[PDB]
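Worksheet: one structure, shown below.
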Amino acid sequence: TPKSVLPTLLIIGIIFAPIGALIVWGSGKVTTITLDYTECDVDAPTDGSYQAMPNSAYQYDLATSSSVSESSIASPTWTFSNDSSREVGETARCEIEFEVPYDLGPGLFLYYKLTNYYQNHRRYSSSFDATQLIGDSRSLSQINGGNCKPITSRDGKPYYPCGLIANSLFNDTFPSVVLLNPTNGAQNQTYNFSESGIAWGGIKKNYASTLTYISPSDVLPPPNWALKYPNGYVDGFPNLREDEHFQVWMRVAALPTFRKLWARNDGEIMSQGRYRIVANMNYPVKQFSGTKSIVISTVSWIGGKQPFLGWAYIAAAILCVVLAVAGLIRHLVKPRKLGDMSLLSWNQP
Amino acid sequence: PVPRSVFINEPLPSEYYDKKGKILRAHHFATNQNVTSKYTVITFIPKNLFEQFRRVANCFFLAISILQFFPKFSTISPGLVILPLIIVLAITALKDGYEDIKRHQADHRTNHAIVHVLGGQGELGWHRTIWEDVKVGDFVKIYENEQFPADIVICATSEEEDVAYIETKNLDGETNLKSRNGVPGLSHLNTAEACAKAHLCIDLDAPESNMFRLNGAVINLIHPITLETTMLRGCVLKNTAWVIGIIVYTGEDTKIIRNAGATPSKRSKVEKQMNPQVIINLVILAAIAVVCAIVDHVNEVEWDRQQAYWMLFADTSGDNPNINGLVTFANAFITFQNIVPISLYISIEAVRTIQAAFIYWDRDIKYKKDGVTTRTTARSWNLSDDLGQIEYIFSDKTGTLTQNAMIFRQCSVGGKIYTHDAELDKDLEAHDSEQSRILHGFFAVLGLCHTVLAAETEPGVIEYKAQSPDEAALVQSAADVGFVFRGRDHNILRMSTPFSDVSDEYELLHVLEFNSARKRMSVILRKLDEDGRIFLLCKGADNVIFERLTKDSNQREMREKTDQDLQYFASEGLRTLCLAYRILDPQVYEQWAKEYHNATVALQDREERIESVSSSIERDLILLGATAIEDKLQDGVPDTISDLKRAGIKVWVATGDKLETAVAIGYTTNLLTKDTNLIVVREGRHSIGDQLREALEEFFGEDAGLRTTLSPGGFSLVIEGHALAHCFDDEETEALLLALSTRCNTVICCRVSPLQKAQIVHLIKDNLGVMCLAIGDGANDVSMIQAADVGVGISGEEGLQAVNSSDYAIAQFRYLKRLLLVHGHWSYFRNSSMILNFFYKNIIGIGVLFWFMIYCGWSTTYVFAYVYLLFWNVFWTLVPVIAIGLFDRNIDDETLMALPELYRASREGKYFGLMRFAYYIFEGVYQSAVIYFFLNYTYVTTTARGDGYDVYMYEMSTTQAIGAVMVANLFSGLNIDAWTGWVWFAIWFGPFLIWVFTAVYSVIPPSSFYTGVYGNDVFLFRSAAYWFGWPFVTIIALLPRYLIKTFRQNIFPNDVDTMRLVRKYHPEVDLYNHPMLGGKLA
Ligand SMILES: *[C@@H]1O[C@H](CO)[C@@H](O[C@@H]2O[C@H](CO)[C@@H](O[C@@H]3O[C@H](CO[C@H]4O[C@H](CO)[C@@H](O[C@H]5O[C@H](CO)[C@@H](O)[C@H](O)[C@@H]5O)[C@H](O)[C@@H]4O)[C@@H](O)[C@H](O[C@H]4O[C@H](CO)[C@@H](O)[C@H](O)[C@@H]4O)[C@@H]3O)[C@H](O)[C@H]2NC(C)=O)[C@H](O)[C@H]1NC(C)=O
Ligand SMILES: *[C@@H]1O[C@H](CO)[C@@H](O[C@@H]2O[C@H](CO)[C@@H](O)[C@H](O)[C@H]2NC(C)=O)[C@H](O)[C@H]1NC(C)=O
Ligand SMILES: *[C@@H]1O[C@H](CO)[C@@H](O[C@@H]2O[C@H](CO)[C@@H](O)[C@H](O)[C@H]2NC(C)=O)[C@H](O)[C@H]1NC(C)=O
Ligand SMILES: *[C@@H]1O[C@H](CO)[C@@H](O)[C@H](O)[C@H]1NC(C)=O
Ligand SMILES: [Mg+2]
């Protein structure tokens, strides 16, 4: 019946349009800066100077209210340093200098983005032992028979973090974001990122701090945790509960291209100027055509700067309006009567 | 196993020869009680498991669970994964056990018939054994009015000689008699004389097939044991007191069950159409599995050549990319397990059972009369949906279209018609005239020539209790019109002509009583008058009486007048029955009497002997008149037949009356209305096939399309018995008959035979392939109901075999009309919608998983948590499907009963085919794509929340799962047009359940039940993406369905949709008397 289909579509459109507008506005009130540092090993200058990054390396997603245009932002520069005189894990530093066009509001978050990384693969998603991580006394035979099928044990010494997820922990850190030109003196000011609160305070429960049924010498570190622990666990079992990066990593991403939080700031406002972030390149991704990235983004009510749902709502509202108007026009042109007893099989001639 | 040796010494034949194991004798389980049940209590588990796992789908589920058992394919504890399969198996086992318990209780009530097998050695005692007689090594002196447990070679009898009578009713209809045993005789005394003596060696001919021939032998210390010596089975007359003889051959399951009792099983057309859809779903699952295996192997080879992080440590024998491809195949089978129907079969069976229960409890098809209240029982707990697809109905007139209680209407005596029969016979009976003498003879032959038993406990009333309705009607009418049958208490019977209580003498009742092409029922009687003359009385069918007459004197004019009177009677819709008169001289009478007496016991044939004796004694019959009894059509039969005609349902009638008297019973049953040409084929000096072809050419040969097969407002067809026999004899005649029967809507076949009726139903069902229905009460009806798609029985007065051997047991024909129309239409609609929506929801789940599998390297990883995937066919979405199966209606039953023309959609099968299946599959694919892609691109972001926490797989997975559940449930609701409470509960209890499960399951601490999703109560309910994505995906998924449904209702409506709109918007319309509706009677 037209009386039940035209008003319904009209109401649906009238409801969809404001929701889509609100979502689009909320997404617009978000800033996002993306910096690619994967190819910093071969292209960056290895002397001490700087070179402007390639155009297809950095992406700026400014807010709608910002008057600064995208093409008005100076191209970021980078440098590469590989000196084998520092601690393990900080030997290949990639320093990226980027410019923030407008003051980013409070609640600024830092993410690292990985591309072509299939955490969702079947061999990877289920490759973890929940009961070993929770710290319950699980026997060696159960570890061999657990979900940690590819990386279980060797020479009778089971791994504490087993499976493929724990073995591939992201060991790339960014322990500085410094403002190179502030206003109140202090020629360089560090924008303090806090590595606490990265993960929700409910993931730490399903990881135990110290295991009690095995001495801290019969457990071997995972194969890829060899540079961090060269001579096994000598300081005791790693405190997987107390570190947030492991908890964040051990949450299977939905898509190959995923972003995981790495340090956050809540009560500080990022000023306007050129910064310099140091990336300790230790995690190779070039082998499987992967690209790492550094994402600095602000937060709105919806979340990140993804205005897809809002524009989908707007498109649905437009389609509903078009269909409702067409139906109303058809009703006003040829108003077919209700209960028409002329199209019946025994009524039609 | 032709020979068997019996009776060495004493009963309980412990030893004959050899030891055991080869002859199957002496309680070697060669016989046992008839087993109509399925299995034993001990062996219930194996047979039940085999029957359940022969459904392909169940074996697939068991294979999936067993694969899950191994650590290579394991995800969670085996209990959770095995729970749905265990529940399905338990429900199916309980259902089949309930059906088997019903059958076993029926069999137990049938069995346990008291049997008096005596002789055991205190020395004598016990006896009165159970129906399961002791092997073939004992004897029984079975008393009067007791059923035979098995065949027997009865030696002696309580009454004079060893003569016995058994009245084979479950194997025939005629009376029965014996011809003594022979040499054993007096030497074979009963009552422990058989135990004290020890002789005879029983010999057998063929245990396999012995019907009308059970020859044998015995040798004591050679005798011709014959059928007339051997009682067969299940026959009890016992005109004597008791008969004693040894049990041989069958114990319980060798003779009569061999003769008959082959009951097939039936399945609905909807199930046979559903099987290809299950095959298609399995093929889709296999194709998905193989494509995933190939792509995953390619990607794993690529990712292991260049060491990735998810392909590390693949250099083993159970982790290399090739065995990884095989494991991907297996895990693709284990991941999309919802595509193969798991709970579809149990749900469909439950819905069909509840539909049968609705058919039972209906108060419009319940018959109340004389205290008893027959209910329309659904003997088959399936086939409830084939009633709505009936395209042909075959019926037998007597007992189904008639009340089987006929009342005398017109009686012809010589030359004057008469129209509780009182008429002018009182005013004409005035003595001293030839007409008066003929009237006296007519009434005498009507009141004596029978087998009726009269009750004199009420003087003046004298109620009569006959066996066949015709005899009761004739005798009561004769009593009411004068001559009253006083009774037959002794060998001498008495008559109550309105002058005195004169009495005749009973000598030789020719009790032939119809059947075996011998429909005469004569009886020799002698009046006690001082002359004491011997005269013969006879009544029977018109043909036999007319052919048995004389051809001299004025008898020729008498015969021609009687024939004209018979034709006039038949024209009015009456059943003809003539009467005769014969005078016997004493000498020939006594000679024939002694011949008959010595031919009664012959030990050889005696059937053709008795028939020839009967044919010889009848030589000078004199016609007396022609009775005419009208069969009362049941109340509502004409309206029922008219309504069935206004549904496209062809209504055949295989009546047992003459052609003229059964032309729609004078056009009164609405089978043959006005303005409809009728085709008559009678084989009068012409070829049946040639006549049929000529009639087809004359009436439809002008059609050009009809000539290809050969290489007035309606049409009918009449073919009585011989056209049918010759058509089924040949092939081209059968094809022409099938064509001419297809191009008509009322075929009336008169004077048919059981085999002919069964062959009619077989011809239509096989050659045409359309759904068929058969209804009747007699044994011929049980045959035609066994050989039919759907069988219906009527609890008439002719017996109860038809009700037992039928799918449905109605009590009236109007009940058939109501049942067919409303119940079949609703059942077909409900079952079609239910199956389609079940496939739709399964496809929704599988499609969301597949669209995720696009973005995972085709590694066959479930995006959802396994809890949501494991509870899809149960908990989440089964209640809407059950509600559609049970409570769904397309239009109120009043409209269906008022306008039968709406039956086109169900009759033509417009509700369930393959195009609808394809449409529902495509709709599921589209909606799953919308849900998955929209929510995925919504969650392609940094946080999707105000707290900055990352978006991981399970947040988006749970949002998509909730959206899919909402979409499936609201789709099922949108496909419901009978919203009354229960559907509301189902549609808003499914998604309510999943919402509660997500709210509570995500607060369980990791201390127990790891649950893998701890935090979704904070990551989804607090996120604007979830709250603005699930309604968006629901609306967008349901919008095309809503628009298509509205446009199909408005732009291109159906008859049912138009009538629904008319009823809803115009309640003040008289459907029965409206010019553009049933008032037009169209
Ligand atoms: C940040 O993280 C990254 C990755 O998350 C770290 O990079 C990894 O660091 C590991 C530790 O040093 C490396 O593992 C070692 O690799 C060497 C040599 O590599 C090759 O060795 C073999 C060829 O000779 C062969 O090894 C197998 O590799 C696969 C499993 O590892 C198998 O499927 C395959 O079939 C081979 O059989 C490969 O070709 C390797 O490419 C090995 O010799 C080392 O073995 C030693 O240690 C293991 C520990 O369990 C022990 O059993 C052995 O007996 C032996 O003593 C070891 O495997 C890894 O290669 C490397 N990966 C990448 C991509 O760089 C990075 O170091 C880290 N950085 C920081 C600062 O934290
Ligand atoms: C920093 O320098 C060190 C040593 O110069 C590099 O380590 C070598 O990297 C090459 C890469 O092909 C390997 O083949 C060698 O086995 C590594 N070790 C040695 C001792 O040569 C390291 O890769 C450099 N960091 C980069 C390029 O990011
Ligand atoms: C990051 O933290 C440092 C130290 O906690 C802050 O540096 C201080 O800045 C104030 C304001 O200019 C000075 O008065 C202090 O003397 C500084 N202390 C030190 C130790 O340098 C810095 O301002 C913080 N950055 C931001 C963006 O808030
Ligand atoms: C920051 O400035 C101080 C002194 O101005 C200098 O010693 C230090 O190296 C600087 N750090 C940088 C440039 O990262
Ligand atoms: Mg009948």
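Just so you know, the protein sequences line up as chains B and A, in that order. Throughout, the deposited numbering is defined as the position within the first sequence, counted from one, plus 47. Residues 44 to 164, 251 to 350, 361 to 558, 624 to 915, 948 to 1318 in the deposited numbering are what the second sequence spells out, letter by letter. Note that CB positions come from ideal geometry on N, CA and C, so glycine has one too.
Asked	Found
Relative to the C-alpha of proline 1242 (chain A), which candidate in B:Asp130, B:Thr178, B:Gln98 has its C-alpha closest?	B:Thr178
What in chain A is Cβ-close to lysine 307 (chain B), meaning under 7 Å?	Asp1186
So with CB distances below 7 Å, who are the chain A contacts of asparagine 218 (chain B)?	Ordered by position in chain A, no residue passes the 7 Å Cβ test against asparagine 218 (chain B), which lies about 12 Å from the chain.
Given 7 Å as the limit, tell me if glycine 60 (chain B) has its C-beta closer than that to any heavy atom belonging to ligand 1.	no
Using the Cα positions of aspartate 290 (chain B) and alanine 1180 (chain A), report the straight-line distance between them to the nearest angstrom.	23 Å
Pull up the DSSP beta-bridge partners for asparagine 881 (chain A), would you.	A:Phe951
Nearest CA to the CA of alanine 1200 (chain A): which residue from A:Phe1268, A:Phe1153, A:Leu1138?	A:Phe1268
Given this structure, state the Cα-to-Cα distance separating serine 486 (chain A) from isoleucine 1118 (chain A), to the nearest angstrom.	7 Å
If you reduce the DSSP assignment to three classes, tell me which class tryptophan 1266 (chain A) lands in.	helix
Taking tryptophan 449 (chain A) as the query, report the chain B residues whose CB atoms sit under 7 Å from its CB, ordered along the chain.	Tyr165, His168, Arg170, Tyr171, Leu211
Relative to ligand 3, is the shortest distance from any of its heavy atoms to the C-beta of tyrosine 238 (chain B) smaller than 7 Å?	yes
Is any non-hydrogen atom of ligand 2 found closer than 7 Å to the C-beta of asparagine 129 (chain B), if you look at the structure I gave you?	yes
For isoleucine 1240 (chain A), which residues from the same chain have a beta carbon less than 6 Å from its beta carbon, with the 5 sequence-adjacent residues on both sides left out?	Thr1247
According to DSSP, is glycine 266 (chain A) part of a helix, a strand, or is it coil?	coil
Relative to chain B, which residues along the segment 762-776 of chain A have a C-beta separation below 9 Å, given in chain order?	none
Flag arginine 288 (chain B) as yes if its beta-carbon sits less than 8 Å from any beta-carbon of chain A, otherwise no.	no
Any heavy atom of ligand 3 within a distance shorter than 7 Å of the CB on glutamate 315 (chain B)?	yes
Taking the alpha-carbon of residue 1321 (chain A) as reference, which of A:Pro1276, A:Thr297, A:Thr912, A:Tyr506 has the nearest alpha-carbon?	Beyond the ends of chain A as shown, which are 44 and 1318, falls residue 1321 (chain A); an answer cannot be given.
Within this structure, are the beta carbons of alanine 327 (chain A) and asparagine 52 (chain A) separated by less than 8 Å?	yes
Please find out if some non-hydrogen atom of ligand 4 comes closer than 7 Å to the beta-carbon of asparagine 235 (chain B).	yes
Determine the extent of the beta strand (DSSP E) in which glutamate 242 (chain B) is found, giving its start and end residues.	Element bounds for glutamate 242 (chain B): n/a, residue is neither H nor E.
Please decide whether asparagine 1286 (chain A) counts as near chain B, where near means a Cβ-Cβ distance under 8 Å.	yes
State the DSSP-derived secondary structure class of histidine 292 (chain B), mapped to helix, strand or coil.	helix
Chain A partners of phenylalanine 355 (chain B), CB-CB under 7 Å?	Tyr1173, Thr1174
Closer than 8 Å by beta-carbon distance: list the chain B residues that pair up with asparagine 470 (chain A), in chain order.	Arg169
Does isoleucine 181 (chain B) have its Cβ less than 8 Å from a Cβ in chain A?	yes
Any heavy atom of ligand 5 closer than 7 Å to the CB of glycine 651 (chain A)?	no
For the alpha helix (DSSP H) that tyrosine 1190 (chain A) lies in, which residues bound it at each end?	1189-1210
For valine 841 (chain A), which three-state DSSP category applies?	helix
Our contact map puts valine 299 (chain B) next to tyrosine 1188 (chain A) with C-beta atoms below 8 Å; I'd like the distance itself, whole angstroms only.	6 Å
Exposed or buried, what is residue 26 (chain B) when buried is set at 16 or more other beta-carbons lying within 10 Å of its beta-carbon?	Only positions 48 to 396 of chain B appear in this structure, which leaves residue 26 (chain B) out of reach.
List the endpoints of the continuous beta strand (DSSP E) containing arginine 140 (chain B).	139-144
In angstroms with no decimal places, state the Cα-to-Cα distance between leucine 1036 (chain A) and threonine 844 (chain A).	24 Å
Is it buried or exposed, residue 220 (chain A), if we count other Cβ atoms within 10 angstroms and call 16 or more buried?	Between 164 and 251 the numbering of chain A has a gap, and residue 220 (chain A) falls inside it, with no coordinates.
Taking 7 Å as the cut-off, is the beta-carbon of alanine 139 (chain B) closer than that to any non-hydrogen atom of ligand 6?	For ligand 6, the structure offers nothing, since it holds only ligand 1, ligand 2, ligand 3, ligand 4 and ligand 5.
Where does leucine 390 (chain B) land, buried or exposed, given buried means 16+ other C-beta within 10 angstroms?	exposed
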